[PDB]
RNA sequence: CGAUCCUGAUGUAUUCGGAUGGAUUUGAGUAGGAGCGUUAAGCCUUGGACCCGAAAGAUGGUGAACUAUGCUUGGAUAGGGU
RNA sequence: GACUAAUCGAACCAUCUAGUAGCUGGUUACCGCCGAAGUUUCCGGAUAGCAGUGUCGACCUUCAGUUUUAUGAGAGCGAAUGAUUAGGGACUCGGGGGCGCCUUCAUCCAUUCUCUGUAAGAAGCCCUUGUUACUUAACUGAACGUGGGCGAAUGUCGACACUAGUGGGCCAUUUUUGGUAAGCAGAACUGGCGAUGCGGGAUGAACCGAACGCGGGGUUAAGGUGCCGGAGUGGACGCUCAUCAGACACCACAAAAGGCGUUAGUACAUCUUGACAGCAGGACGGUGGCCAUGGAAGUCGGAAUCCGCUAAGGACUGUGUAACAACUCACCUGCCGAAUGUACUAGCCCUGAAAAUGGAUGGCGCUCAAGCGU
RNA sequence: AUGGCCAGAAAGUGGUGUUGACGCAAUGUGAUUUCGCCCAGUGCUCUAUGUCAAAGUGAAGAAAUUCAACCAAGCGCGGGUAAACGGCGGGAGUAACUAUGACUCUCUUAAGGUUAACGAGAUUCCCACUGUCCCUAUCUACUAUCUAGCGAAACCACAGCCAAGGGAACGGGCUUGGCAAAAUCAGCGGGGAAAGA
RNA sequence: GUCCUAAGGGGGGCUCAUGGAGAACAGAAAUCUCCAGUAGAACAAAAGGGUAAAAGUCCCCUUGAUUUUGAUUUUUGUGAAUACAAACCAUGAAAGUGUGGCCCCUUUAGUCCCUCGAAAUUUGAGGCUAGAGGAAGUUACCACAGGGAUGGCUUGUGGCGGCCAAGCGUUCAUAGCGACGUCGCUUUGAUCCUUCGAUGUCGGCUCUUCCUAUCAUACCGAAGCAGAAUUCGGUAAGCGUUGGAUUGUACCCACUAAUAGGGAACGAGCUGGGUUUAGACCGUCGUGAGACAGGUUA
RNA sequence: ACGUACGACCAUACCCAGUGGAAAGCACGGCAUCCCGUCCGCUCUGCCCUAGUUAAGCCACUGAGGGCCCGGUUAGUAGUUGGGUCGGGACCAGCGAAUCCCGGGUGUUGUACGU
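Residue numbers (the deposited numbering), protein chains in the order written: chain CK, 132 to 196; chain Cd, 71 to 118, 130 to 140; chain CS, 9 to 194.
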């Protein structure tokens with residue numbers, strides 16, 4: 132789920148940040164936390180807002196938020 | 071685990087309430103100096130073929 | 009109590025209104041208006057009375073010595089050009105600019121003296137009590153330059169309205185007490 | 001037999017004494033002694049303890065001939081431009 | 001945090017001092033006899049198990065990782081839930097609005113939907129006989145003694161003392177539980193290795209055979225017998241020709257995969273009333289069927305697709321025309337002469353995806369094999 | 001100055017100090033020009049109840065002792081201070097133990113019409129200039145080379161040709177092949193070796 | 001702070017949940033009657049086990065919900081449970097049943113408990129017995145002792161859901177997998193007003209060789225390929241595959257026949273970034289030493 | 001053999017329908033004084049064994065009844081234990097079921113007293 136993001140300038144880095152490697156839905160009206168205080172990084176390229184949802188009885192697929 | 075609440079409607083709204091909400095929210099977008107309070111708790115999801134016909138009639 | 013079910017059953021509480029259903033949608037919202045607190049840059053559409061009042065406010069409330077001096081100079085220039093161009097009036101102008109006697113800015117004090125000298129004498133005359141009280145305060149004030157400029161103001165007041173100063177209540181003995189206290193002749 | 005609990009006999013410094021009986025565990029106990037000294041070996045403990053190896057800590061002394069600063073007394077540094 | 005005698009984030013000298021280290025490195029003759037182990041259980045450790053030396057006791061009892069016989073056991077969810085309420089009311093101060101009166105929402109209620117143990121004897125069996133404070137209406141029973149009489153196969157120790165090392169390792173078969181796109185991750189028993197040499201797998205921790213004093217003779221296991229290499233270019237019956245076959249495969253590529261490669265079978269069908277292939281001819285009429293198209297006559301399109309003459313011929317299989325024409329196919333007849341056609345199945349073979357120094361059934365090489373099956 | 005800031009084990013001890021606020025001592029900022037508010041918190045500082053040591057006082061007891069008041073400074077309470085560290089709004093309505101918050105309403109502001117000189121500081125560009133390059137060539141001296149004399153060191157299990165395999169993706173020794181001929185000199189940096197590694 | 005953490009024993013009588021059919025108001029639901037009713041009720045486990053003349057319910061008496069001592073199981077002492085042994089009882093006609101509920105510090109007491117060691121007493125203390133209660137960071141200034149530094153993988157064609165279907169299975173069940181396909185979600189040649197996160201690092205010079213997965217040259221097959229220029233594909237690595245711009249941080253330009261892609265590194269040659277010893281500054285964080293979301297210089 | 005009392009296995013015995021029952025034994029029955037218990041002599045308890053009746057209990061027989069029980073098959077099949085330098089499941093040595101179906105049944109028996 133999470134990979135370790137190393138930060139710092141020394142050879143010995145700090146590894147408290149965790150990046151989510153799977154797709155996420157960040158929610159409505161989402162603004163990213165300050166970088167000093169965000170531990171869980173959800174990258175913008177992995178965010179989805181719609182899904183291809185199939186109705187089982189109607190047998191139709193529509194893109195829903 | 072199986073549960074009955076997976077197969078129920080989670081958010082419902084009526085015709086008049088939806089229409090009034092849309093009209094009021096559109097009037098709110100008319101003013102650029104008026105912004106909502108607690109917009110994260112508001113139902114903002116409700117607010118937000131000629132070529133095909135010609136090809137169908139003549140392949 | 010540490011169990012975390014997928015769905016939490018709401019609990020009925022007696023003596024309290026029933027909770028709204030889980031599928032209920034609330035469309036009520038509150039809006040707040042954003043306003044930018046910045047004046048017009050050109051300041052040309054306002055009437056001359058509005059410029060007079062705004063410059064008087066700047067003279068009495070500005071935190072810059074040069075700004076206060078320029079505002080008092082603008083008011084003095086309009087009063088010298090036309091005494092009729094006083095929408096506030098002599099009483100209001102005096103009431104606003106009399107606390108500026110004690111001001112530490114010597115240039116502001118000199119421009120205040122010029123404003124006093126260009127005020128109309130017949131309108132200065134009935135209000136000799138308040139002006140003399142401000143003279144007494146700013147004249148026993150500790151700063152020597154403030155004392156000297158306040159003595160200049162008292163010289164102007166004696167030149168313009170001498171009888172009102174020497175005949176108003178407290179105009180004689182209190183002024184003599186302040187003079188003797190500043191001179192060490194007690 | 002000793003420790004623990006219950007009863008309390010003859011007697012009496014009438015408030016001391018603890019017999020007679022019981023009931024449990026307990027103790028490397030008794031129940032026809034087995035130990036003491038010494039020799040040799042294995043093992044354990046303490047000592048530096050199979051040998052070599054730290055950054056260290058402490059006690060008492062020696063250095064300003066290098067160099068850092070200060071005081072005292074001395075020495076030295078063409079020819080042009082502005 | 002620079003300098004303080006090549007020494008500075010606390011100089012140099014001697015001493016305490018042989019400071020401490022669980023960490024690193026090393027730890028000295030020979031032969032002989034035994035000889036190991038990794039959750040077994042408890043809270044980083046104890047402990048079971050496995051070992052060696054001395055003994056001692058009748059080294060007495062016999063027992064046994066075996067067979068046979070007889071007989072038994074075999075935490076959570078919840079119609080206590082999740083919804084629906086448009087139409088009906090009660091509504092009234094529930095809230096709120098307008099003028100005590102009406103209201104507008106809203107309040108709810110009325111409605112409804114969703115069910116593995118034991119036994120296989122001499123210590124055993126039977127008879128007689130006592131003892132009792134137990135028991136029975138009762139020497140009526142219960143134990144324990146007195147006296148007497150008389151058992152499946154196969155193979156052949158116990159208790160101490162002291163001292164260890166190892167006690168949550170690796171691999172493999174089988175079984176069981178979870179999963180993954182595929183890998184895989186767990187437990188249980190057994191075997192092996194760490195501790196181990198030998199023969200064969202060309203070679204090698206885990207494979208096969210077999211475990212080891214020093215020698216001689218004989219015979220084999222696993223594996224081999226064209227040469228390297230000891231032993232057969234051994235014998236019988238077949239299969240295969242690969243433009244890097246195959247000779248150690250099972251896994252992946254990878255599929256119900258593609259082959260006008262070659263064998264052996266299975267099912268169905270045709271056949272002297274002439275099968276398959278060919279050659280010589282016919283392949284017609286209503287009719288240029290209906291609609292459409294500038295034109296469309298079987299053959300640019302859409303929908304139907306019948307009848308006659310038949311030996312047989314589709315309102316047509318392609319070539320072709322602007323449209324026709326013409327040719328041809330399906331089908332039939334004449335010549336011929338005896339076995340074929342379709343689809344599967346099982347073998348061997350080809351392909352079924354490959355990089356980058358020059359190389360590998362171990363090497364030469366092998367083609368009625370020195371390849372494959374018996 | 002019977003002082004501030006420091007030294008010293010102590011001292012009839014010492015530095016500032018042969019000194020006296022235009023001085024001494026501690027800091028921050030760092031030429032010149034230009035450039036608000038808040039004492040909320042934390043510091044620093046000024047002024048009767050609470051907290052309240054030892055000594056002293058009272059009671060009880062036969063005493064050990066126990067219990068009581070009293071109880072300095074500090075802390076707490078109350079003020080000041082932001083060229084202290086810090087921080088960046090205010091007021092009213094509602095509400096009324098304490099602290100909080102929430103909720104409306106309303107003002108919401110310090111700053112508008114000297115960057116020189118100097119520099120082994122860091123960066124971009126232009127002209128000139130050129131072997132930096134197209135694209136390399138040639139010359140000189142000293143070496144390297146050979147000779148006479150003199151003469152070490154690092155390093156060193158043993159040695160040095162490869163290809164494929166050698167389960168622990170290591171091979172220079174093992175297996176299978178290629179092959180393979182004394183003894184040498186100058187270069188070379190692939191490999192081995194080589195970095196107070 | 002209030003409330004709940006459960007009544008056992010003996011004897012006797014009777015059946016429960018529910019269904020059908022009936023009785024003024026009375027109906028879906030009040031009480032009464034019959035029949036059916038293997039527990040579908042109740043017993044303090046909401047779908048475990050066990051109970052029907054009871055282990056359920058009601059009635060009558062009762063507190064075996066009592067002392068004492070061993071043994072056994074769960075396994076030194078416990079605690080719980082199980083058969084008892086002794087006493088005292090309860091109930092019933094009696095057999096019987098009943099010993100519960102179906103399964104390390106602080107402090108207190110001791111008459112006749114013992115010591116304070118020269119003797120005694122009184123306070124106090126100790127002992128024994130029996131109870132009650134309950135020690136933070138930083139080091140980019142550094143140092144020491146050690147230990148380290150998936151692979152006969154991969155390539156050219158998506159997922160989810162639904163149909164169709166050769167086939168595989170399947171005839172006492174007629175279910176299930178399924179190639180080939182197909183169907184839905186992922187601007188009338190537009191817009192240029194939607195660039196969506198370095199933890200992992202690459203380049204360049206020189207020089208050599210190899211692979212083909214061929215850009216060009218050689219040859220060949222097909223396409224309205226008239227010619228010219230091509231496009232698609234095949235055999236082929238013999239021979240070539242360039243010069244530059246841009247670091248506020250990989251694409252453009254030109255020449256050319258063409259400016260093809262890789263391996264031998266990425267499972268101790270030289271030189272610029274990732275990249276980072278010690279000096280210094282700014283930003284964020286921390287009371288701080290310092291650390292870092294970071295940026296710059298040597 | 002048939003009854004009665006106490007019973008052992010506890011459906012081959014149970015549940016639903018009909019048909020019959022010599023002898024005796026059962027049972028239904030008749031009466032509420034006493035013993036006793038009820039809203040009710042329904043049950044229980046007391047007294048009668050005379051009358052009536054096999055109507056019901058009970059016993060026996062019947063049912064292509066439901067259920068239950070017992071055999072064949074299923075099947076030397078599924079499954080399972082060891083072996084191979086066996087293939088890409090089959091043999092070797094062995095152990096070894098239950099369904100589905102095809103059928104049958106519809107209680108044995110001890111003691112004591114009687115018919």
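For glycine and all other residues, C-beta sits at the position ideal for the given N, C-alpha and C.
* Asked: Hey, which unbroken runs of the beta strand (DSSP E) at 3 residues or more fall wholly within the segment 39-102 of chain CS?
  -> 39-41
* Asked: Does the distance from the C-beta atom of residue 15/CS to that of residue 75/Cd stay below 7 Å?
  -> yes
* Asked: When the cut-off is 7 Å and only beta carbons count, does residue 154/CK lie next to chain Cd?
  -> no
* **Whole-Å CB distance - residue 157/CS paired with residue 115/CS, under 8 Å assumed** => Not really, about 10 Å apart at Cβ, beyond 8 Å.
* By the criterion of Cβ-Cβ separation under 9 Å, what are the contact partners of residue 196/CK in chain Cd? -> 115, 118
* Could you tell me which of 45/CS, 62/CS, 44/CS sits nearest to residue 51/CS, measuring between CA atoms? => 62/CS
* To do: Assign residue 110/Cd to buried or exposed, taking buried as 16 or more other Cβ atoms, counted over all protein chains shown, within 10 Å of its Cβ.
  => exposed
* Asked: Would DSSP call residue 104/CS helix, strand or coil?
  -> helix
* Beta-bridge pairing of residue 156/CK - partner residues as DSSP gives them -> DSSP, once it has assigned bridges, lists no residue as partnering residue 156/CK.
* Report yes if the C-beta distance between residue 110/CS and residue 149/CS is below 7 Å; otherwise report no. => yes
* **Residues that residue 137/CK bridges to, as DSSP identifies them** => In the DSSP output, where bridge partners are listed per residue, residue 137/CK has none listed.
* **For residue 130/Cd, the residue or residues it bridges with in DSSP** => None, per the DSSP bridge assignment.
* Could you pull out every residue in the same chain whose Cβ sits closer than 8 Å to the Cβ of residue 79/Cd, ignoring the five residues on either side in sequence? => none
* To do: Within its chain, find whatever has a CB closer than 7 Å to the CB of residue 194/CS; leave out the 5 residues flanking it on each side and keep chain order.
  => 188
* **Close beta carbons around residue 124/CS, own chain, < 7 Å, minus the five adjacent residues each side** => 161, 164
* residue 60/CS and residue 95/CS: beta carbons closer than 7 Å? -> yes
* Using only the heavy atoms of the ligand FMN, determine whether one of them is closer than 6 Å to the beta carbon of residue 182/CK. => The ligand FMN is not part of the structure shown, which contains no ligands of any sort.
* Could you name the residues of the same chain whose beta carbon sits closer than 8 Å to that of residue 180/CS, not counting the 5 residues immediately before and after it, in chain order? => 174
* Asked: beta strand (DSSP E) containing residue 104/Cd: first to last residue?
  -> 104-106
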